[PDB]
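Worksheet for the structure shown next.
Chains as they are written, first to last, in the entry's author numbering: chain h, 2 to 80; chain d, 432 to 480.
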């Protein structure tokens, strides 16, 4: 029963549209797009990135302590 | 002028003014079931002819 004439109630709202053949498919692309994708990067960088930094530090400590527990023996190797 | 109109003249003048043309649309509510402009524009060109 979810068809287009039966969805919700709406009053006093006007929309304006242009034909696709009357406009250019590529407007401002590097004038608007490059400043837009940079503040989107700034808005999410403090939430996503600090977990993946802690994975990097655990990975380096885990592969380096694996080798000098195994056959890397400078000075604890006496009688 | 009316007497020189026949069926092939009507087919020629209607194809010049209607066929692959962008229309202008106006609507006043309740118009939630008025189709999208892409579906209206694609209704101007036919499938089998």
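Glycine included, C-beta positions come from ideal geometry on N, C-alpha and C.
Output yes if chain d places a C-beta closer than 8 Å to the C-beta of residue 56 of chain h; else output no. As a position in the first chain, residue 56 of chain h is number 55, starting the count at 1. Not one chain d Cβ lies under 8 Å of residue 56 of chain h.
Close beta carbons around residue 449 of chain d, own chain, < 8 Å, minus the five adjacent residues each side: Position 18 of the second chain, counted from the first residue, corresponds to residue 449 of chain d. Residues 475 of the same chain have their beta carbon placed closer than 8 Å to that of residue 449 of chain d, with the five preceding and five following residues left out of the count.
Apart from the five residues on each side of it in sequence, which residues of its chain come closer than 8 Å, Cβ to Cβ, to residue 54 of chain h? Locating residue 54 of chain h in the first chain gives position 53, where the first residue counts as 1. Around residue 54 of chain h: no qualifying Cβ.
Hey, residue 20 of chain h and residue 453 of chain d: beta-carbon distance below 8 Å or not? For the purposes of this step, residue 20 of chain h is identified with residue 19 of the first chain, where counting begins at 1. For the purposes of this step, residue 453 of chain d is identified with residue 22 of the second chain, where counting begins at 1. Yes, Cβ-Cβ distance for residue 20 of chain h and residue 453 of chain d is below 8 Å.
Measure from the C-beta of residue 448 of chain d to each C-beta in chain h and report whether the shortest distance is under 8 Å. The sequence position of residue 448 of chain d within the second chain is 17, counting from 1. Chain h, which has no Cβ nearer than 8 Å to the Cβ of residue 448 of chain d, makes this no.
Using 8 Å for Cβ pairs, my map puts residue 435 of chain d next to residue 6 of chain h. What's the rounded Cβ distance? Taking the first residue of the second chain as position 1, residue 435 of chain d is located at position 4. Taking the first residue of the first chain as position 1, residue 6 of chain h is located at position 5. Taking C-beta atoms under 8 Å as the contact rule, residue 435 of chain d and residue 6 of chain h fail to qualify, at a distance of about 46 Å.
Locate the alpha helix (DSSP H) running through residue 469 of chain d, then write down its first and last residues. In the second chain, residue 469 of chain d corresponds to position 38, counting from 1. Where residue 469 of chain d is concerned, the enclosing alpha helix (DSSP H) starts and stops at 468 to 472.
So with CB distances below 9 Å, who are the chain C contacts of residue 472 of chain d? Any reference to chain C falls outside this structure, whose protein chains are h and d.
Using the Cα positions of residue 469 of chain d and residue 33 of chain h, report the straight-line distance between them to the nearest angstrom. Here residue 469 of chain d is taken as the residue at index 38 of the second chain, counted from 1. Here residue 33 of chain h is taken as the residue at index 32 of the first chain, counted from 1. One C-alpha to the other measures close to 26 Å.
Residues that residue 2 of chain h contacts on chain d, provided the C-beta gap is smaller than 9 Å: Start at 1 with the first residue of the first chain, and residue 2 of chain h comes out as number 1. Ordered by position in chain d, no residue passes the 9 Å Cβ test against residue 2 of chain h, which lies about 14 Å from the chain.
Could you check the C-alpha separation between residue 3 of chain h and residue 455 of chain d for me, to the nearest Å? Taking the first residue of the first chain as 1, we reach residue 3 of chain h at position 2. Taking the first residue of the second chain as 1, we reach residue 455 of chain d at position 24. Rounded to whole angstroms, residue 3 of chain h to residue 455 of chain d spans 29 Å at the Cα level.
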